[PDB]
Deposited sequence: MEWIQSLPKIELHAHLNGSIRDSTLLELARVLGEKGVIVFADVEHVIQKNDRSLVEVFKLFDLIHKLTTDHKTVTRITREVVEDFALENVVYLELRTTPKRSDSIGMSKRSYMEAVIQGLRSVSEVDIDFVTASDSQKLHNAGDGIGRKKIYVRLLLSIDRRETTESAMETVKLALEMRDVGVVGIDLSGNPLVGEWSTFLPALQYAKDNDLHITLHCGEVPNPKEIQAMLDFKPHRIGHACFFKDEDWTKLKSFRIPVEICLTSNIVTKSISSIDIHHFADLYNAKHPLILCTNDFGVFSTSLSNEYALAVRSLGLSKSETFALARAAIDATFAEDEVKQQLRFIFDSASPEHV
C-alpha cells in the first residue's frame, strides 16, 4: 500500500541506460534536436510509441545510446539513477552498464566507466558508499553485450578487474538474446569467474534449450529472467541453487510471460528457491522497485512480514563483500519490527 515504498530494498538488476528519467531523456533529445544532430519529433515519437516487445526494445536502446553516449551524460544519469533508487529506500544497488567505445569523442570503455565513477562522486542528495538523510550502498557490474566479440568481452573483464578499487564486483551477459552464441562469451566469463568476479547471466529470455542448459552448467552466481525454462531447466536450477533476478513488469510488457498470475516467481517462492524482485529498466518499462514489490505482494497475497523476509533474503544474493552484507543485516534487523 504505502509501507512498500518505506521497505528497505535491494536492487540487483538495473541497467543504467534503461533507468533514465523520461524528462532527462527528452531534455537530451531536445538539445540534440536543437543542435540538429537528430529530428526531435521522430525520436519523441519512438520513445512514445515503441511497444517495448522484446524485438522493439533493442531498437529503443539503439535510440537511447545515440542520446546518452557522452562523458557528461553518463555522469548525469549515473547520479540521477542512484538518487531515484535511494529516494524509494533502496539501501543496496548493483548498477549494471555496458562500457562503450566512441572514437569521435575519445570515449573508451575505461573513460566511460570513469564517467560512471564521477557520477557516483557527484551524488549529494543521499549518502553513498560505492567502495569500502538516506544512505545507499552502490556496487557496479560491467555488462558484456551479446553483439560483442570474445576479445571485446575480455577487455570488459580486464577493465572490471582493474576497477575493483571503485566498487566493481561482477560481470553480466545481456543485450539481444536473439544475437550471438554462448561459445563466444563462455571463454571471457570463465576468465572472470577464475579471477573471482561474480557472474550474472540473462538466461531463457527466448526459447533456447541448449543455451539455457549451457548457462546453467557454467554455474553463474545469479541469472536474470528465466522466462522460457522447461522442466529439465527448473530441476537443474533448483539443484544448483542459483538465485533468479525476477523482472515482473519487464516480462509482461515484452510478452515474455503472458500474465503475473502464471509468472514462475510464484513457483520459485513456493519451492523456497532464492529470487530477487528487480526493475530491469525502470525508465523503459515505467516502473519502480516499490511497484515491482506491490505487483508481487498482490499476486502472491503476501503479508507485511512475509514481504519483509523476501526483501531481506536478497542480502546473500548480493556480490558485496561480507562487511557490506553485515551492514545490510543491521539495516534490515533495525526495520523488522515495523513489518507485521
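Enquirer: Can you list the gaps, in order, where the deposited sequence has no modelled residues?
Expert: Gaps in the modelled chain, taken against the deposited sequence, amount to a single one at 133-147.
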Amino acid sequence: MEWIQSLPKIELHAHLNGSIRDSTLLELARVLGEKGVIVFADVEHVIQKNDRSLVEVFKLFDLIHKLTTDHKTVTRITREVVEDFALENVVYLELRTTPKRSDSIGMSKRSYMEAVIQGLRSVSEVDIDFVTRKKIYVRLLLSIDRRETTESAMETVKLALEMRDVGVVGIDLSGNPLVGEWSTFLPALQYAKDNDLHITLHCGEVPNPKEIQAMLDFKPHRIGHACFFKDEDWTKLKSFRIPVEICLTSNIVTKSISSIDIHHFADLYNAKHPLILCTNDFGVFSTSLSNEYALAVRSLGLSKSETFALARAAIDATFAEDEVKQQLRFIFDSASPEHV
From here on, numbers count along this sequence of modelled residues.
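Enquirer: What stretch has the higher average Cα B-factor here, 66-74 or 268-276?
Expert: For C-alpha atoms only, the mean B-factor is higher in 66-74.
Enquirer: Should the higher mean CA B-factor in the entry be assigned to 38-46 or to 284-292?
Expert: Taking the mean C-alpha B-factor of 38-46 and of 284-292, the larger value falls to 38-46.
Enquirer: From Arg133, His198, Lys158, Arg139, can you pick the one with the highest C-alpha B factor in the entry?
Expert: Among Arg133, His198, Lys158, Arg139, the highest C-alpha B-factor in the entry belongs to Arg133.
Enquirer: Grab the CA temperature factor for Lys325 from the record and place it in the lowest, middle or highest third of its chain.
Expert: According to the entry, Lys325 has a C-alpha B-factor in the chain's middle third.
Enquirer: Quick one: classify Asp145 as lowest, middle or highest third of the chain based on its Cα B-factor.
Expert: Its C-alpha B-factor, which the entry lists for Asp145, ranks in the lowest third among residues of this chain.
Enquirer: State the tercile, meaning the lowest, middle or highest third, of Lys193 with respect to the CA B-factors recorded for its chain.
Expert: It falls in the bottom third of the chain.
Enquirer: Please place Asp316 in the lowest, middle or highest third of its chain by C-alpha B factor as given in the entry.
Expert: Answer is middle: the recorded C-alpha B-factor places it there.
Enquirer: Considering only modelled residues of the same chain, in which third does the CA B-factor of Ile20 rank: lowest, middle or highest?
Expert: Answer is middle: the recorded C-alpha B-factor places it there.
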